[PDB]
Amino acid sequence: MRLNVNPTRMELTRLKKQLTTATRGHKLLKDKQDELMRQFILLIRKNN
Amino acid sequence: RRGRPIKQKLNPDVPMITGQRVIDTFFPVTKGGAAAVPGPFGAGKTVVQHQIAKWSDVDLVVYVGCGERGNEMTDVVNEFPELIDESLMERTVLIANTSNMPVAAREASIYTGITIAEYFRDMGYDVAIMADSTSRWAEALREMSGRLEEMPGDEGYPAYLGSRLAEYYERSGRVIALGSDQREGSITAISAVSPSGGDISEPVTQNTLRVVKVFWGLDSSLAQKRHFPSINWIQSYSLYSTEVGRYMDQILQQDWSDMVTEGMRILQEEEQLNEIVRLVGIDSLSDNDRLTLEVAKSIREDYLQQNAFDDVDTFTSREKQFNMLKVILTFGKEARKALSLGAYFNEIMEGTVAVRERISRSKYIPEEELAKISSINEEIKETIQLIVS
Amino acid sequence: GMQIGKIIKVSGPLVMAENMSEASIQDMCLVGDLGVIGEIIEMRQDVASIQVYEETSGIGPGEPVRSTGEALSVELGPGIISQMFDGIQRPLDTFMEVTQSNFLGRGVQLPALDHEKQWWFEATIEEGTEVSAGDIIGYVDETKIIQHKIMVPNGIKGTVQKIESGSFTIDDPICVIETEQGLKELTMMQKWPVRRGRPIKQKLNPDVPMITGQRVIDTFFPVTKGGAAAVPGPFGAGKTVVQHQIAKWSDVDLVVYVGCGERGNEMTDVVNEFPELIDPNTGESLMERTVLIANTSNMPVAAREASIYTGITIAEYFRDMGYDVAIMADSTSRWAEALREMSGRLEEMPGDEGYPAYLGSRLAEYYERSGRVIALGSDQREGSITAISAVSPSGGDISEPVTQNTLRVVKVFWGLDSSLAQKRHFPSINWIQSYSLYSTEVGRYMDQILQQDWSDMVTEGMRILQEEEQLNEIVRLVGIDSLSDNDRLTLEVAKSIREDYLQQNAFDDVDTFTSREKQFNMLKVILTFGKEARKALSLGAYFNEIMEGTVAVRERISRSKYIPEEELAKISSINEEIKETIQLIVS
Amino acid sequence: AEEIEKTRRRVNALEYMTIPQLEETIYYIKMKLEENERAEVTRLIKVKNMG
Amino acid sequence: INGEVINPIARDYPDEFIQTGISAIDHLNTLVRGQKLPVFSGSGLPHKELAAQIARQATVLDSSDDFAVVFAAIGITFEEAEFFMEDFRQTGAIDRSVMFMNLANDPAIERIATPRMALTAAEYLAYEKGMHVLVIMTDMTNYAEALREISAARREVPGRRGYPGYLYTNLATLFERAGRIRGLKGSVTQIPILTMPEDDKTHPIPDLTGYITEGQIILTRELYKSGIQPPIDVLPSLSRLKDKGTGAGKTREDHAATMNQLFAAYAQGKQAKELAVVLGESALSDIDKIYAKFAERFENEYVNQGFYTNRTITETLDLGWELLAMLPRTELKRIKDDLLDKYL
Amino acid sequence: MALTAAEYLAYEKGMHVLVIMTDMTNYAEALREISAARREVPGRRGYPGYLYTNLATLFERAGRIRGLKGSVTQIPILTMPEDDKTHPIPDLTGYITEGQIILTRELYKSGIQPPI
Amino acid sequence: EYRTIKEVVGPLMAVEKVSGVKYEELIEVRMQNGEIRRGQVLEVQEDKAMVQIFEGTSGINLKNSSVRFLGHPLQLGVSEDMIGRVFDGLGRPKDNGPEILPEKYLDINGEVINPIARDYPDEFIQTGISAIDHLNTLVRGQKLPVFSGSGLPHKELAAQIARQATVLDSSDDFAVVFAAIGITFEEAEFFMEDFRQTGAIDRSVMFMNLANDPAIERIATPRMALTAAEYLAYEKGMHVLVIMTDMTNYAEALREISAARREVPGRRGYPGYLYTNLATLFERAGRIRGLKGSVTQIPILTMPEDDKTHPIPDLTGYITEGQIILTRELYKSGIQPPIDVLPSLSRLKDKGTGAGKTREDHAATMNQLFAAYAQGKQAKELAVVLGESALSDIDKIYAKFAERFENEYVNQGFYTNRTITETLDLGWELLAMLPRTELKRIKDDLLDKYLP
Ligand SMILES: Nc1ncnc2c1ncn2[C@@H]1O[C@H](COP(=O)(O)OP(=O)(O)NP(=O)(O)O)[C@@H](O)[C@H]1O
Ligand SMILES: [Mg+2]
């Protein structure tokens with residue numbers, strides 16, 4: 001489902017920038033998630 | 001349709017006072033300069049022009065209502081005699097060709113206005129001309145072109161659209177008028193542009209941006225949250241910015257240029273941050289950056305936001321603008337130095353609630369009481385100096 | 001022949017002339033007193049609409065329009081080879097000499113070939129011999145490398161009444177033939193329209209791999225003779241080198257190089273640098289078997305659009321001789337830009353992104369004219385055209401129309417990557433993004449010819465490179481020291497394939513070209529190393545120990561590329577070393 | 001554990017909502033801008049031929 | 001004023017380095033005698049100042065031979081044109097220059113004539129007088145605008161995005177009138193300046209210009225609004241002939257290597273900055289924090305030289321090294337150790 | 001017809017008049033039909049170049065006159081095509097009238113009445 | 001014979017002083033060099049005919065060329081002799097065999113079947129592909145497309161159905177008509193080599209149009225094939241399978257012709273009449289009451305940028321009676337054919353299955369395998385997003401079900417023919433993986449007879 005935006009040349013350029021940002025942010029959020037997870041595993045074993 | 005001749009065209013180096021904080025600080029127009037306000041409907045183009053007609057330090061104001069609302073014109077004739085700057089109407093000329101009056105008369109009005117403006121320019125006066133809006137003039141040209149069955153340029157407008165606009169603006173400017181006296185006179189052009197759907201790739205806005213030196217781009221999203229004037233601080237610019245900084249430094253005898261650069265630099269960082277933030281931020285942000293967002297928020301709300309209809313906030317003197325901005329940057333500076341000494345964002349914010357209310361309400365302080373603002377600077381330093389210990 | 005009309009209207013690029021009834025559609029014409037190039041797009045009664053491709057400034061009504069009598073054509077004959085032309089076959093060298101000027105002066109008309117020159121024509125056919133299109137009646141040793149065979153041109157069927165060896169110009173009668181229309185005289189040259197494909201007996205599957213000697217291409221993304229490859233050329237990815245390597249090292253007889261609509265200074269390089277390239281076999285200049293087409297961006301749009309068509313037609317003429325030809329086009333994106341401009345100038349209905357609706361067809365027309373074929377003639381001789389095109393996508397984005405439409409009709413794609421270039425990896429072919437749809441067929445061919453499982457080795461080396469990209473994800477997250485002993489071996493092999501095999505310095509004396517045989521031995525030592533080393537892991541030996549033990553031999557592997565073609569034995573012996581060393585480390 | 005869930009939700013909201021919407025809106029606008037360009041040339045050809 | 005197409009085999013390869021005095025150009029996007037290197041700007045962006053600076057500072061090194069500067073203004077305001085005229089007079093730059101000053105209220109036909117007048121004059125000085133000529137033209141978007149106006153007058157249907165089909169031929173024709181010719185002493189170097197409408201590099205003007213010219217220097221408002229002067233973004237900027245103008249004998253031996261390194265370290269720095277925002281101060285490696293600080297200093301000290309600061313190539317190179325010195329030797333992977341030991 | 005009736009009632013018979021016209025989008029569709037049939041030069045979406053002007057000759061017939069006791073208050077209604085406020089009808093209409101009250105499908109589905 | 005050409009304007013030619021000229025009439029232009037070019041009348045008014053030339057208009061001199069009006073539209077000379085033969089896009093021999101002696105000439109637009117005379121599609125075609133035959137069954141007279149993409153194996157699948165397809169319990173009254181549209185020489189050779197080597201060509205007619213053949217010829221191609229088909233089916237009483245590829249190429253050529261006339265373009269620049277034009281082809285599929293024989297169609301197309309909303313797949317989906325979808329996900333998995341049964345559907349399937357047709361267990365197994373696979377796939381989707389742990393032991397079973405379904409049922413190889421019996425039986429084996437208690441779409445009577 002597409003967002004409610006007006007099909008202008010500027011809007012296209014905005015969303016394309018917003019998308020390159022989104023992509024990079026997603027990888028970095030995945031990286032953290034994985035780090036916290038292995039740090040979590042060490043501590044959860046201690047807990048257990 | 002002839003420009004009245006002159007001895008010499010000069011460089012406009014003196015900033016107009018609009019009294020509108022966002023304009024005078026970040027996107028100033030000088031006397032003899034040309035500015036555009038392109039914006040979608042309801043964004044506040046008309047109200048911006050009323051403010052300049054009311055408060056600017058030109059000698060004379062020619063207001064050309066070109067293809068707009070009848071009521072808007074009756075507002076001016078009725079309200080202006082009741083105002084002062086000596087009545088306001090006594091320095092004012094009004095050409096009115098409303099939206100439902102004849103289309104071709106829209107062109108005629110733009111031309112009769114600038115010509116009347118030039119006439120007073122020759123006398124050695126400073127003249128501000130507001131054209132509101134130049135889109136209707138272009139759209140009148142679009143109507144005739146279509147009726148003549150000419151081959152359109154882009155979006156249906158005649159191909160010479162650009163050249164027409166350039167003739168108009170090139171008529172504005174600071175000059176030596178003809179005669180042995182060699183008088184100086186200025187014409188400052190303030191134009192409204194009304195792009196369909198607020199899209200500024202359109203020809204009238206694009207062609208105007210090529211002949212003006214100031215762009216006050218209004219944002220519908222800022223208008224909806226009632227942030228006025230709804231000028232996009234990221235998108236707008238003034239080519240007179242550097243020269244004006246110099247003039248202001250000299251006058252105020254402070255480093256105004258630097259304050260303004262830091263102001264914009266902070267606003268630009270806010271933008272950078274908000275991009276990344278709107279997808280993950282805040283929770284994970286560094287304290288330095290959290291602070292940055294707060295200084296940007298103070299600028300936006302405490303300085304940028306100004307209401308035309310408030311008795312006090314309708315106008316700000318330079319002495320008052322400088323004092324408000326100093327107080328805002330002093331906060332960011334003093335808070336910045338505290339973070340570097342080991343203090344925490346949360347400590348600083350919780351400890352500065354009262355002082356930050358004062359900064360926020362300084363827009364409301366009367367011109368007679370500027371000490372009540374400049375004294376916030378001492379409270380900032382004491383309050384924060386205290387929190388570190 | 002030549003047809004004269006009169007200009008009745010001049011409006012920018014558009015000219016209209018009356019009294020043109022002897023003219024035809026698509027005919028080229030010289031416009032005005034001056035004589036700038038134009039093409040007849042439209043005809044109404046006797047009024048022709050003409051697109052003018054040079055400045056019409058200063059042309060007016062009343063001035064002539066001279067019609068060439070034909071559509072865009074090339075002169076094909078002795079004197080073609082080693083010449084540099086523009087898109088409409090204007091001879092750049094001759095321009096300089098006859099003109100004594102540094103400019104392609106407008107209105108200046110010069111024949112593509114030397115019509116004054118003497119050629120020794122060696123007749124090899126006998127009187128009374130029946131002949132049809134394609135039969136070789138003789139030859140001329142045109143250059144130090146190439147022999148120019150003189151073929152009976154299309155449209156002629158008969159018996160050879162008179163023919164003699166001797167010295168003729170390309171305009172002299174060299175043969176007499178008895179046609180159905182009485183006797184006809186042949187000369188050493190023929191004209192062909194650049195837009196009409198040169199006819200053949202039959203078209204064949206291109207199933208023989210062209211040896212470029214570039215290891216990455218021949219092994220992983222092969223092209224066959226008569227095949228086609230697309231190569232995006234971002235800036236800084238050593239595209240020119242790669243093209244030079246294919247230009248000199250591929251087993252083709254002739255190279256046609258086309259520059260479509262290039263940046264002035266960029267085009268200056270090709271013109272200087274191509275002649276500097278040396279034929280490996282004769283050590284003569286590569287230009288001795290090259291025809292070169294050069295258009296800068298400010299040449300006539302006609303010239304820039306016709307460029308590839310002109311080049312492919314010349315490629316066909318030599319193809320028809322039974323040669324293997326290679327056509328190299330840089331850049332087809334620019335050729336496409338000529339089409340986009342022409343579509344605008346013709347007030348057409350646009351296709352995608354401003355290009356014409358016939359862009360895909362225009363492109364299909366080009367590529368379908370390359371390929372392996374049987375040429376006309378009794379001989380039933382084979383010849384081929386292999387097409388290598390650069391694309392210069394506006395964003396390095398592959399998704400745009402030109403590239404997508406090319407990829408519809410060509411089977412090989414070599415992705416040059418500047419990020420690889422930045423890591424110092426040349427050729428900078430991205431081995432994950434690239435592909436060859438000739439891969440299966442080439443491998444079948446290769447298994448036959450080598451009698452080895454070459455296709456199994458390739459699949460395996462590619463599986464390892466693909467495994468590497470997955471392993472690199474883990475190396476990022478958990479660090480390199482958290483991978484299993486098995487995964488760490490895979491990183492090492494892949495690394496070997498990357499540094500020992502894929503990387504090839506063009507400028508080294510031996511590394512510049514690798515034979516098929518050497519390629520096989522080189523790849524085999526690496527996979528063997530991986531294989532024997534995986535065995536040893538299975539037997540409780542540790543990765544680090546295998547590495548520390550195999551220093552000397554892994555070095556021998558890394559020199560493989562430098563081992564002289566003459567002494568292949570020294571690469572093959574490495575296999576025995578790997579096994580001797582590994583088992584020893586297992587102790 | 002909570003902060004892991006918090007990150008997961010953001011990753012997921014990006015992977016399964018934000019990135020797709022951006023991607024789909026971008027492709028839509030390209031197409032629309034393209035239709036408009038075609039519409040304009042159609043009207044300009046008709047305009048020209050009123051002559 | 002139309003000029004002529006140069007026979008390609010008659011062109012000479014650009015040999016000489018040109019010292020614009022702007023580090024962002026001289027080092028990372030080198031301009032070479034006979035190149036066509038445009039500036040891509042936008043409305044409200046200081047290409048005015050940049051153009052004036054380039055025109056004051058442009059020089060060849062160890063040549064005593066002097067640059068003739070041919071300057072064309074196409075449809076620009078009085079205020080912009082007077083700035084250029086006062087600048088040339090003020091600094092004496094006029095003594096080397098020829099100016100063709102077209103204003104926005106001048107006829108469209110004159111506006112189309114301007115670049116051609118100016119290039120004919122340049123080719124005269126270069127190929128008749130033997131001078132080395134630098135041609136600066138602003139604003140090229142104003143010229144395309146006039147082309148549309150005449151195009152409609154003749155009732156011609158627009159090609160892509162509202163512009164004539166033949167725009168490419170028209171722009172190509174102009175820009176290719178630059179370079180060196182074999183057997184002729186002089187040269188023409190072009191720097192066309194254009195504004196990209198709504199900052200759109202996809203726009204036909206910058207897009208078609210980019211195919212014709214040999215690279216482009218790009219100004220951005222992102223940089224401008226943080227006070228970076230000149231606001232040149234190195235990342236999307238490119239010179240296509242830099243190599244021919246750099247290294248031993250022309251600038252210094254360390255030129256290319258440092259350019260490649262600064263380019264990467266700045267890319268890495270900006271990435272590190274992002275990481276800072278998304279994952280927070282703590283997830284940053286100490287090596288990562290340095291790249292962050294590097295990108296900050298690189299924008300603020302290296303790229304931000306000011307519109308009136310003329311840096312020699314040697315100062316630029318030295319400042320780069322100074323900036324690279326923030327990093328560990330272990331990180332400067334794209335420089336031979338040979339050069340690391342010589343320059344720190 | 002309706003505004004002539006209203007202006008007559010207000011300024012000639014001294015009443016306070018409320019004018020409700022719906023739906024204005026249909027009005028503009030008719031103008032296009034004629035515009036297209038005349039084969040005039042089209043504007044955006046086939047709408048005529050004079051759409052703004054035509055609309056203003058309706059919407060500016062509202063208000064109050066000095067010394068006359070009546071008034072005309074206009075509440076025009078339109079449906080925005082595709083819910084798109086940038087469409088020429090709502091765009092131009094918005095540039096003429098003295099504000100606008102917007103209803104949204106989101107608020108309506110949430111049970112908010114009126115869904116302004 | 002008319003020496004009266006008045007205008008040539010790109011593709012279109014104006015001939016004046018004509019009389020008795022009719023719309024859509026076939027023409028011949030005899031050029032000044034003795035070349036012959038065919039063409040069609042687009043517009044006829046007063047004494048003026050607008051024609052379009054197939055091979056284009058380049059090289060034409062108006063003064064010296066002449067036009068002949070043929071008094072009839074474009075036709076094909078049809079014959080039973082066409083079986084085993086290869087033609088180009090205009091029914092001209094390509095295979096160096098004898099000329100055809102025609103029984104008659106038929107207008108290639110064909111005729112519309114009276115909806116009351118139309119017979120609903122009935123009965124089974126065994127493609128020999130399991131995922132088609134069992135879950136998305138092809139019925140005689142149906143139009144069932146394949147939606148593919150670039151680099152997907154639609155040619156392999158096209159070739160497989162062409163050689164494997166048969167009708168059970170009757171021979172030999174089955175033909176295949178193969179149409180290749182705008183494909184490259186190498187694609188065309190693969191098809192032709194395959195038909196020859198497997199012996200398929202003995203029961204087929206081939207109409208081959210290449211990428212570099214003229215555009216008009218390309219849109220002529222499927223019509224030429226459908227005409228030959230109708231002849232074989234209705235006059236000679238055959239069951240005919242018509243496979244056409246690639247229909248995207250067809251559309252582009254239609255779009256090319258449309259733009260050349262500067263017509264008003266539809267969504268994405270395709271003709272406004274794209275829908276109708278495709279319908280004129282696909283509605284030629286069917287059975288007629290009281291006639292033996294049927295025309296069955298499998299159009300194959302590639303979806304641009306993999307997008308099913310594109311006018312080509314979207315309009316084709318609005319005309320046809322189901323669709324078979326090939327996906328990348330499956331292709332990267334080595335599933336041959338990479339058919340994704342979820343987006344896929346045959347609308348008419350029950351008219352071609354059941355006792356007497358396939359087997360009594362058919363519909364019930366289909367509903368069940370489908371449901372299991374959908375539930376299985378949903379479980380995989382869960383494991384990826386949230387990990388193994390989020391799944392019930394039952395989910396895992398279903399997840400394993402989905403995986404065997406993909407790897408063992410759908411993936412059969414492009415050279416393996418599966419009889420409907422072999423397919424159904426294999427369906428039962430994958431069902432055995434699940435608890436009987438789970439098989440809710442199948443009644444006890446079937447479970448008792450078949451459940452292994
Ligand atoms: N500076 C301001 N202070 C307070 N209110 C404002 C300001 N600017 C705009 N507004 C509010 O917004 C309304 C619209 O402003 P207005 O200038 O009429 O918009 P506009 O852009 O001229 N619309 P149009 O004339 O249709 O293009 C005003 O009536 C105010 O209610
Ligand atoms: Mg207003």
# chains A, B, ... in the order shown; residues from 1 in each chain; ligands from 1
>>> residues_around(residues="range 173-190 of chain B", least_positions_apart="6", cutoff="6 Å", atoms="only C-alpha atoms", output="count of residues only")
21
>>> select_by_dssp(residues="range 418-490 of chain C", states="helix (DSSP H, G or I)", output="JSON, numbers by chain")
{"C": [418, 419, 420, 421, 422, 439, 440, 441, 442, 443, 444, 445, 446, 447, 448, 449, 450, 454, 455, 456, 457, 458, 459, 460, 461, 462, 463, 464, 465, 466, 467, 468, 469, 470, 471, 472, 473, 474, 475, 476, 477, 478, 480, 481, 482, 485, 486, 487, 488, 489, 490]}
>>> interface_residues(of="chain A", to="chain C", cutoff="12 Å", atoms="only C-alpha atoms", output="VMD selection string")
chain A and resid 27 to 28 30 to 39
>>> closest_atom_pairs(of="chain B", to="chain D", cutoff="9 Å", atoms="only C-alpha atoms", output="Markdown table")
| residue | atom | partner | partner_atom | distance |
| --- | --- | --- | --- | --- |
| B:149 | CA | D:47 | CA | 7.4 |
| B:150 | CA | D:47 | CA | 8.2 |
| B:151 | CA | D:48 | CA | 6.6 |
| B:152 | CA | D:44 | CA | 7.9 |
| B:154 | CA | D:40 | CA | 9.0 |
| B:155 | CA | D:40 | CA | 8.4 |
| B:279 | CA | D:10 | CA | 7.4 |
| B:280 | CA | D:10 | CA | 6.6 |
>>> write_last_selection(atoms="C-alpha atoms", output="PDB file, in the first residue's frame")
ATOM      1  CA  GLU B 149      -4.089  29.555 -30.017  1.00  0.00           C
ATOM      2  CA  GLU B 150      -0.383  30.178 -29.416  1.00  0.00           C
ATOM      3  CA  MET B 151       1.984  27.297 -28.775  1.00  0.00           C
ATOM      4  CA  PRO B 152       2.368  27.116 -24.974  1.00  0.00           C
ATOM      5  CA  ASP B 154       5.418  24.469 -19.953  1.00  0.00           C
ATOM      6  CA  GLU B 155       2.171  23.975 -18.006  1.00  0.00           C
ATOM      7  CA  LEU B 279      12.710   5.792  12.095  1.00  0.00           C
ATOM      8  CA  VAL B 280      14.550   4.831  15.322  1.00  0.00           C
TER       9      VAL B 280
END
>>> residues_near_ligand(ligand="ligand 2", cutoff="8 Å", atoms="only C-alpha atoms and all ligand atoms", output="MDAnalysis selection string")
(chainID B and resid 41:42 44:47 68:69 132:133 192) or (chainID F and resid 95)
>>> write_last_selection(atoms="N, CA, C and O atoms", output="mmCIF file, in the first residue's frame")
data_model
loop_
_atom_site.group_PDB
_atom_site.id
_atom_site.type_symbol
_atom_site.label_atom_id
_atom_site.label_comp_id
_atom_site.auth_asym_id
_atom_site.auth_seq_id
_atom_site.Cartn_x
_atom_site.Cartn_y
_atom_site.Cartn_z
ATOM 1 N N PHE B 41 -2.165 27.464 -1.049
ATOM 2 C CA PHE B 41 -3.215 28.283 -0.477
ATOM 3 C C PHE B 41 -3.294 28.155 1.048
ATOM 4 O O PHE B 41 -3.152 27.082 1.605
ATOM 5 N N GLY B 42 -3.504 29.273 1.709
ATOM 6 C CA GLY B 42 -3.704 29.264 3.150
ATOM 7 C C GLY B 42 -2.416 29.230 3.952
ATOM 8 O O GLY B 42 -2.464 29.159 5.175
ATOM 9 N N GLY B 44 -0.075 31.678 4.091
ATOM 10 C CA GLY B 44 0.175 32.967 4.706
ATOM 11 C C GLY B 44 0.929 33.971 3.848
ATOM 12 O O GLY B 44 1.560 34.915 4.369
ATOM 13 N N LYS B 45 0.870 33.797 2.529
ATOM 14 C CA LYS B 45 1.534 34.758 1.646
ATOM 15 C C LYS B 45 0.938 36.148 1.832
ATOM 16 O O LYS B 45 1.665 37.124 1.975
ATOM 17 N N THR B 46 -0.388 36.230 1.835
ATOM 18 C CA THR B 46 -1.061 37.509 1.970
ATOM 19 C C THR B 46 -0.704 38.207 3.289
ATOM 20 O O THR B 46 -0.366 39.391 3.305
ATOM 21 N N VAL B 47 -0.770 37.470 4.386
ATOM 22 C CA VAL B 47 -0.460 38.033 5.699
ATOM 23 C C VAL B 47 0.982 38.523 5.834
ATOM 24 O O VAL B 47 1.237 39.493 6.537
ATOM 25 N N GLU B 68 -7.053 38.590 -6.668
ATOM 26 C CA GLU B 68 -7.276 38.004 -5.362
ATOM 27 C C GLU B 68 -8.626 38.392 -4.777
ATOM 28 O O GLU B 68 -9.509 38.812 -5.502
ATOM 29 N N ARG B 69 -8.776 38.211 -3.469
ATOM 30 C CA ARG B 69 -10.027 38.471 -2.749
ATOM 31 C C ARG B 69 -10.349 39.945 -2.514
ATOM 32 O O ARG B 69 -9.524 40.713 -1.995
ATOM 33 N N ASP B 132 0.403 40.813 -5.289
ATOM 34 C CA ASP B 132 -0.251 39.705 -4.658
ATOM 35 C C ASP B 132 -1.461 39.335 -5.516
ATOM 36 O O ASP B 132 -2.470 40.024 -5.457
ATOM 37 N N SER B 133 -1.384 38.286 -6.334
ATOM 38 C CA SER B 133 -0.242 37.405 -6.499
ATOM 39 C C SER B 133 0.167 37.388 -7.991
ATOM 40 O O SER B 133 -0.655 37.653 -8.865
ATOM 41 N N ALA B 192 4.051 37.604 -4.387
ATOM 42 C CA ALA B 192 3.454 36.359 -3.983
ATOM 43 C C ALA B 192 3.386 35.483 -5.204
ATOM 44 O O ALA B 192 3.182 35.988 -6.311
ATOM 45 N N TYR F 95 -7.756 28.324 -3.252
ATOM 46 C CA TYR F 95 -7.116 29.604 -3.507
ATOM 47 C C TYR F 95 -8.116 30.740 -3.633
ATOM 48 O O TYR F 95 -7.716 31.900 -3.625
#
>>> residues_around(residues="range 158-175 of chain G", least_positions_apart="4", cutoff="8 Å", atoms="only C-alpha atoms", output="compact mmCIF listing (two decimals) with N, CA and C atoms, in the first residue's frame")
# COMPACT_ATOMS: atom_id res chain seq x y z
N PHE G 124 -10.39 -32.85 -19.87
CA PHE G 124 -9.05 -32.76 -19.34
C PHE G 124 -7.96 -32.78 -20.40
N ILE G 125 -7.05 -31.81 -20.31
CA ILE G 125 -5.79 -31.94 -21.02
C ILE G 125 -4.71 -32.26 -19.99
N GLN G 126 -4.03 -33.38 -20.20
CA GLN G 126 -2.88 -33.74 -19.39
C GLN G 126 -1.64 -33.05 -19.93
N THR G 127 -1.16 -32.03 -19.21
CA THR G 127 0.06 -31.32 -19.61
C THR G 127 1.25 -32.21 -19.32
N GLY G 128 1.09 -32.99 -18.26
CA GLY G 128 2.14 -33.83 -17.76
C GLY G 128 2.91 -33.11 -16.69
N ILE G 129 2.55 -31.86 -16.41
CA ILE G 129 3.11 -31.14 -15.27
C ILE G 129 2.14 -31.23 -14.11
N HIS G 154 10.44 -19.94 -18.68
CA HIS G 154 9.18 -20.09 -19.41
C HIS G 154 9.32 -20.80 -20.76
N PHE G 191 13.54 -23.79 -29.42
CA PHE G 191 12.22 -24.35 -29.65
C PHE G 191 12.21 -25.32 -30.84
N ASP G 194 14.13 -28.55 -30.40
CA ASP G 194 13.44 -29.41 -29.44
C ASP G 194 12.26 -30.16 -30.04
N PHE G 195 11.47 -29.46 -30.84
CA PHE G 195 10.33 -30.06 -31.49
C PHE G 195 10.74 -31.19 -32.40
N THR G 198 12.50 -34.34 -30.21
CA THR G 198 11.52 -35.15 -29.46
C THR G 198 10.42 -35.75 -30.33
N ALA G 200 7.94 -34.03 -31.45
CA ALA G 200 6.75 -33.20 -31.24
C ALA G 200 6.24 -32.55 -32.52
N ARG G 203 3.27 -33.52 -34.71
CA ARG G 203 1.88 -33.19 -34.40
C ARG G 203 1.63 -31.68 -34.25
N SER G 204 2.58 -30.87 -34.71
CA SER G 204 2.49 -29.43 -34.50
C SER G 204 2.52 -28.60 -35.78
N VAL G 205 2.08 -27.35 -35.63
CA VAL G 205 2.33 -26.31 -36.60
C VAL G 205 3.10 -25.21 -35.86
N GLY G 237 -11.98 -31.27 -36.86
CA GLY G 237 -12.41 -31.88 -35.62
C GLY G 237 -11.31 -32.28 -34.67
N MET G 238 -10.28 -31.46 -34.55
CA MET G 238 -9.16 -31.77 -33.66
C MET G 238 -9.29 -31.08 -32.31
N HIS G 239 -8.63 -31.61 -31.29
CA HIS G 239 -8.41 -30.83 -30.08
C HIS G 239 -7.06 -30.16 -30.23
N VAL G 240 -7.07 -28.83 -30.21
CA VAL G 240 -5.86 -28.09 -30.53
C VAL G 240 -5.34 -27.28 -29.36
N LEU G 241 -4.04 -27.36 -29.12
CA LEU G 241 -3.41 -26.56 -28.09
C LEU G 241 -2.56 -25.50 -28.73
N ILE G 243 -0.01 -22.54 -28.02
CA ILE G 243 0.93 -21.94 -27.10
C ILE G 243 1.57 -20.74 -27.77
N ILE G 300 1.94 -17.06 -22.97
CA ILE G 300 3.04 -16.96 -22.02
C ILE G 300 3.55 -15.55 -22.13
N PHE G 414 12.27 -30.67 -16.16
CA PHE G 414 11.68 -30.19 -17.37
C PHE G 414 11.66 -31.27 -18.42
N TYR G 415 12.01 -32.48 -18.03
CA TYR G 415 11.99 -33.58 -18.97
C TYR G 415 11.25 -34.80 -18.45
N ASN G 417 7.73 -36.54 -17.64
CA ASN G 417 6.30 -36.51 -17.84
C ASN G 417 5.60 -37.30 -16.75
